Amino acid sequence: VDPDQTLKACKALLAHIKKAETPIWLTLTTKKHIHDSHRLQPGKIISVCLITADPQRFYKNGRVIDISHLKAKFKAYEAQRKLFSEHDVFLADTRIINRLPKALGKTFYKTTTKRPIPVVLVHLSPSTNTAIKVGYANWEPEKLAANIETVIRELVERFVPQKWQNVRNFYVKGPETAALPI
Amino acid sequence: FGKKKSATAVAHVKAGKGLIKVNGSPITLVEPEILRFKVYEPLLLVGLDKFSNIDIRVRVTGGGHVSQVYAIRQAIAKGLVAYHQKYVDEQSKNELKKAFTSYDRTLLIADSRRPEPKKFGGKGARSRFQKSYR
Amino acid sequence: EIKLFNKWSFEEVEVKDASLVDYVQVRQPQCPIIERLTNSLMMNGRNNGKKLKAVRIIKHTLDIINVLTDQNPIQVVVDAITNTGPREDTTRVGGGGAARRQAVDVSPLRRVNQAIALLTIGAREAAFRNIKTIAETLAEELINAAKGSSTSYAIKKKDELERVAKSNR
RNA sequence: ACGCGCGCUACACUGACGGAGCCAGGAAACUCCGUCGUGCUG
């Protein structure tokens, strides 16, 4: 929450990690918000593939994944896994989103935060919490905190009705390391 | 108007111009090609009386590939000769016809074949599984 | 069903020794005229279990098998299964034990057929030239059955069957 | 330890392999374009 407190969080997290450069994840749980309403947050506050049909597909022609292929890919995990590894971001026609999560979501979601961005990020989904990648082991503690702040800013703005008050608990953690509560 | 061995092609008839579109395309394409003729060979087949005409074209769809191809086939000349007199020939439409079927099998009506039938056996149909009790 | 045309359309209406022509584009005695042979050359090609590509096969085998020293392609194909049939082989005996086998015709449609799926076979059995041109083996071998119509050179058993049904006769 | 039977998929160049085309009662076999080089290779 406060800068000093987060700095400690980050510092402690680095020290604890023990046993490749790990990455730092920030996790926050929310309270007293109904996930049913459009309380859910999906936002881009914290190689490209395009999934879509004509127009969108035309502009892309970037790798293009056509509407027809979506079911086929859901069926063959082997190819889908490869596609996910190859590209950093995915953009998808918004209407297509139901189908893509049904078929693709298991591979794309999980951790490899690959879920596509709709076109005519922090993604809560129906669940109360959020996990976001804030930075690397390489970067300074100060930078990690700054990044965390940008993430926090989005929440503050959304439930402007309560703001940060909603955050039940915040934690930081390295890939390998254990989570530490702010 | 003509279906082919589990497939089926529909006929469009009312005088117009060039570009006769099959499905929603152009009997230039029709890309399950190789034997992409035998389609452009009904129109070509018009080689017996006419040269192309100046009329219409409709869409097909049923079963699978070569099925459809063979369907769109009759589809065409089974619709040049269309009654007539607004389609076929306002008189003696045996013009084409008997000509567009003195070497035909598509417009030459359809084939009495059609998938079905198996057997309490192996694969079924007739090929009954391979057993050799001792 | 279900081939094409053009591609040369060199229709040699002669070349048909012995009988044959009275069934050069036939089948009956049991089809009718199962498109002028080349509908069976192309068909005897479905030895994996499905035509088309088979169709290609034929076609390629053709443009190839004519490009290379053209004899009107189709007439190489006719003149292929032409001077390239069996002619009175033997067939069991029963008159012994322990048979022996006597010989004779060769019911035309035979001669055509029994040489058709045959030239077809010799082709299929690549292994020389074990290249990658199915239509080549299919051609050359059929070409080595047009040029080969000058000994031997691919058929062979062609003779054998006959150059054998003489002694044990 | 091993025997007998119904099979499944393979020995591959009509192939395997990636992109792509379509359509049955995003089916697959399949068509095209390209990569592999008949070597227990892919």
# chains A, B, ... in the order shown; residues from 1 in each chain; ligands from 1
>>> closest_atom_pairs(of="chain B", to="chain D", cutoff="12 Å", atoms="only C-alpha atoms (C1' of nucleotides)", output="tab-separated table")
residue	atom	partner	partner_atom	distance
B:5	CA	D:24	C1'	11.9
B:6	CA	D:25	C1'	8.6
B:7	CA	D:24	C1'	9.3
B:23	CA	D:22	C1'	11.6
B:30	CA	D:21	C1'	11.0
B:31	CA	D:21	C1'	8.0
B:32	CA	D:31	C1'	6.0
B:33	CA	D:31	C1'	7.3
B:34	CA	D:31	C1'	7.9
B:35	CA	D:31	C1'	10.7
B:36	CA	D:31	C1'	10.9
B:60	CA	D:23	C1'	11.2
B:61	CA	D:23	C1'	8.0
B:62	CA	D:23	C1'	7.3
B:63	CA	D:24	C1'	4.7
B:64	CA	D:23	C1'	4.6
B:65	CA	D:23	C1'	6.2
B:66	CA	D:23	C1'	9.9
B:67	CA	D:23	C1'	9.6
B:68	CA	D:23	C1'	8.7
B:69	CA	D:23	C1'	11.3
B:114	CA	D:25	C1'	11.7
B:115	CA	D:25	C1'	9.5
B:116	CA	D:25	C1'	10.0
B:122	CA	D:6	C1'	10.9
B:129	CA	D:6	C1'	9.4
B:130	CA	D:6	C1'	8.3
B:131	CA	D:6	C1'	7.2
B:132	CA	D:5	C1'	7.9
B:133	CA	D:5	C1'	7.4
B:134	CA	D:5	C1'	8.6
>>> interface_residues(of="chain D", to="chain A", cutoff="12 Å", atoms="only C-alpha atoms (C1' of nucleotides)", output="NGL selection string")
:D and (18-20 or 22 or 26-27)
>>> write_last_selection(atoms="C-alpha atoms (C1' of nucleotides)", output="PDB file, in the first residue's frame")
ATOM      1  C1'   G D  18       4.054 -27.874 -41.809  1.00  0.00           C
ATOM      2  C1'   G D  19       0.166 -23.802 -44.214  1.00  0.00           C
ATOM      3  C1'   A D  20      -3.397 -23.715 -46.356  1.00  0.00           C
ATOM      4  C1'   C D  22     -14.878 -27.957 -48.092  1.00  0.00           C
ATOM      5  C1'   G D  26     -13.650 -26.908 -37.770  1.00  0.00           C
ATOM      6  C1'   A D  27     -15.315 -35.581 -39.663  1.00  0.00           C
TER       7        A D  27
END
>>> residues_around(residues="residue 82 of chain B", least_positions_apart="6", cutoff="12 Å", atoms="only C-alpha atoms (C1' of nucleotides)", output="VMD selection string")
chain B and resid 1 11 to 15 55 to 56 74 to 76 88 to 97 107
>>> atom_distance(atom1="atom CA of residue 36 of chain A", atom2="atom CA of residue 107 of chain A")
24.8 Å
>>> residues_around(residues="residue 150 of chain A", least_positions_apart="2", cutoff="12 Å", atoms="only C-alpha atoms (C1' of nucleotides)", output="PyMOL selection string")
chain A and resi 1+26+43-46+122+132-134+143-148+152-157
>>> closest_residue(among="C:148, C:45, C:122, C:86", to="residue 103 of chain C", atoms="only C-alpha atoms")
C:86
>>> select_by_dssp(residues="segment 3-182 of chain A", states="strand (DSSP E or B)", output="VMD selection string")
chain A and resid 23 to 30 42 to 43 48 to 51 63 to 65 89 to 93 117 to 119 122 to 123 129 to 136 167 to 173 180 to 181
>>> closest_atom_pairs(of="chain D", to="chain C", cutoff="10 Å", atoms="only C-alpha atoms (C1' of nucleotides)", output="Markdown table")
| residue | atom | partner | partner_atom | distance |
| --- | --- | --- | --- | --- |
| D:13 | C1' | C:132 | CA | 4.5 |
| D:14 | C1' | C:134 | CA | 6.9 |
| D:15 | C1' | C:132 | CA | 9.5 |
| D:29 | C1' | C:50 | CA | 9.2 |
| D:30 | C1' | C:52 | CA | 8.9 |
| D:31 | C1' | C:53 | CA | 8.5 |
| D:37 | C1' | C:132 | CA | 9.8 |
| D:38 | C1' | C:130 | CA | 7.1 |
>>> residues_around(residues="residue 58 of chain C", least_positions_apart="3", cutoff="9 Å", atoms="only C-alpha atoms (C1' of nucleotides)", output="list in words")
residues 38, 41, 42, 43, 45, 53, 54, 55, 61, 62, 63, 135, 138 and 139 of chain C
>>> residues_around(residues="residue 158 of chain C", least_positions_apart="2", cutoff="7 Å", atoms="only C-alpha atoms (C1' of nucleotides)", output="list in words")
residues 84, 85, 86, 155, 156, 160 and 161 of chain C
